[PDB]
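Read through the structure below, which is laid out as structure tokens, and then see the notes.
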Amino acid sequence: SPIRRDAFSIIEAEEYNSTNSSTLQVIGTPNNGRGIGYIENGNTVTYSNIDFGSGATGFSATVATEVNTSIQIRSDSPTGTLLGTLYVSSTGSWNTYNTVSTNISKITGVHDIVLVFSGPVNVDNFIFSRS
Ligand SMILES: O[C@@H]1[C@@H](O)[C@H](O[C@@H]2CO[C@@H](O)[C@H](O)[C@H]2O)OC[C@H]1O
Ligand SMILES: [Ca+2]
Ligand code: NA
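Below, the structure is given as structure tokens:
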């Protein structure tokens, strides 16, 4: 998985750098893309050295789930700053992907990003939006 990445270009969820999970798998999507799934509550997934440049204040992810769930976006580590929380309600199937967005606190410069999962969701990709 890449050692660094730009916040303002698509980041593939399957190209993560570390996770605490023992269940998480790289999955296929309907259009022969990939994602992450078999995620459980408490699972964290880290993406190294994301460059936010002069500032991001939003987060968008393309996700699929059949249960209402939430994903914290943290900077630096699992106990680092809570940037925001993406609340995801059921998209209707594990294979029906929806872009969902939330606000975050303005973050600048280079930081690891940790996604923290409250439950099962399939994640294809994500991207940040500038301030
Ligand atoms: O059709 C398959 C999906 O069902 C699968 O998504 C998984 C469904 O079971 C859930 O408990 C898991 O959390 C979730 O990832 O992904 C692969 C796809 O081919
Ligand atoms: Ca993907
Ligand atoms: Na393990």
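Counting along the sequence shown from 1, when you hit position 32 you're at 243 in mature numbering (1 follows the signal peptide of the UniProt record, and there is no 0), and nothing is skipped either side. Positions of the beta carbon are idealized from the N, C-alpha and C atoms, including for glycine.
Query                                                                                                                                        : Result
Is it true that the CB of residue 305 sits closer than 8 Å to the CB of residue 333?                                                         : yes
When the distance is taken between beta carbons, is residue 226 closer than 8 Å to residue 213?                                              : yes
Mind checking which residues open and close the beta strand (DSSP E) that includes residue 340?                                              : 333 to 341
Give the list of continuous beta strand (DSSP E) stretches no shorter than 3 residues that lie fully inside the stretch 242 to 308.          : 245 to 248, 255 to 262, 267 to 275, 280 to 286, 293 to 299
Distance, Cα to Cα, residue 232 vs residue 341?                                                                                              : 30 Å
Check for me: the beta strand (DSSP E) holding residue 326 runs from which residue to which?                                                 : 321 to 328
Is it the case that the CB of residue 315 approaches a heavy atom of ligand 1 more closely than 7 Å?                                         : no
Is there contact between the stretch 325 to 332 and the stretch 306 to 316, where contact requires at least three CB pairs shorter than 8 Å? : no
Around the C-beta of residue 246, are 16 or more other C-beta atoms found within 10 angstroms, so that it is buried, or is it exposed?       : buried
Do residue 233 and ligand 5 come close, with the Cβ less than 7 Å from some heavy atom?                                                      : In the structure shown, ligand 5 is absent; the only ligands present are ligand 1, ligand 2 and ligand 3.
Taking the alpha-carbon of residue 274 as reference, which of 289, 224, 262 has the nearest alpha-carbon?                                    : 224
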